[PDB]
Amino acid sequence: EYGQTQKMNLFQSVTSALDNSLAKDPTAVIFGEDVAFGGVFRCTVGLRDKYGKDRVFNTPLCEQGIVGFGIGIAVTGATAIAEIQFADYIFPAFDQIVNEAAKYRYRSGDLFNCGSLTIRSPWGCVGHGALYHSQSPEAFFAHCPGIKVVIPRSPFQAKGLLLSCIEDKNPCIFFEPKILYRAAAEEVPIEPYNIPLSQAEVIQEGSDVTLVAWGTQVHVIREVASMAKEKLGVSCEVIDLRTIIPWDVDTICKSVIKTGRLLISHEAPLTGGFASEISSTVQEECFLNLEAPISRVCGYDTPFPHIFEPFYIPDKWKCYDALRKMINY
């Protein structure tokens, strides 16, 4: 389908995407804290030796600078692939992302843009990351017209989505689930390929209930589908949203019109979490089809704890119990 493949874990798939990008786009540069030696999660190993120190380079320790700098590179038309070392530390750059990058094209009447910017950052829980190594910030960005926010579930998906981000003519934030960096490998095409943005993927067809998640949480809901089938005889339609904004409303609504029930899950806290936008929209478009209230199984409304992580996360038992209750509503 996509040419020769080789087994890659998620960090290797990211390196492969970045390498392919630098190979085919002479303007492209990669920068951020500690990227030169290969990065703290090994995503840029080999790239500086291969492409040159002017193309893969360290910045000072200053996130608002990293993003402002990236925007400036992109304003000249060159591809700028910025790294933020943990998504938790993206906040110093929030003003440069929200007030500047997202509004750049609009506010200039398209005289200037920063479409060739992509910001990549490790994301999501990791077992012991606590408050500042664990966060899932996608909802904060979802309320900002003009940026795209993309989150893959596997190495194959990461490389295809990241290449699309890098090539997309809009500033993109690409969140890499860090707990998957060295998890299981899968076959990933060595040559470049794209997976479309703003397109959900139905990974398992089902007829009784729709389950929606993204990132690592997709694997959780896959398992929940299995539990529900075995324990309840319930057939679940499992959907990976992939792009947070602009999101694939049609694929989700079509699934819910068929099933009449929807459960959305994410690691991020419940309140103001992106599940609230999906739920409210599905309710508007699928109202007459809803057999049961749309359920949201999310992180609690607290900071992300160290020792209590096993109790904090919306795990397969939390999702399963919510599903059981919904099937019985």
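Numbers follow the displayed sequence, beginning with 1.
Between the two ranges 283 to 291 and 264 to 272, the one averaging a larger CA B factor in the entry: Taking the mean B-factor of the alpha carbons in each, 283 to 291 is higher.
Mean temperature factor over C-alpha atoms, higher-scoring stretch between 101 to 109 and 181 to 189: That would be 181 to 189.
Within-chain third of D301 by Cα B-factor, per the entry: Tercile = lowest for this residue's CA B-factor.
Position of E205 among the chain's modelled residues by C-alpha B-factor, lowest, middle or highest third: Answer is highest: the recorded C-alpha B-factor places it there.
Relative C-alpha B-factor of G127, binned into the chain's lowest, middle or highest third: Tercile = highest for this residue's CA B-factor.
Chain-relative CA temperature factor third for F31: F31: CA B-factor falls in the lowest third of its chain.
Lowest, middle or highest third - CA B-factor, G38: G38: CA B-factor falls in the highest third of its chain.
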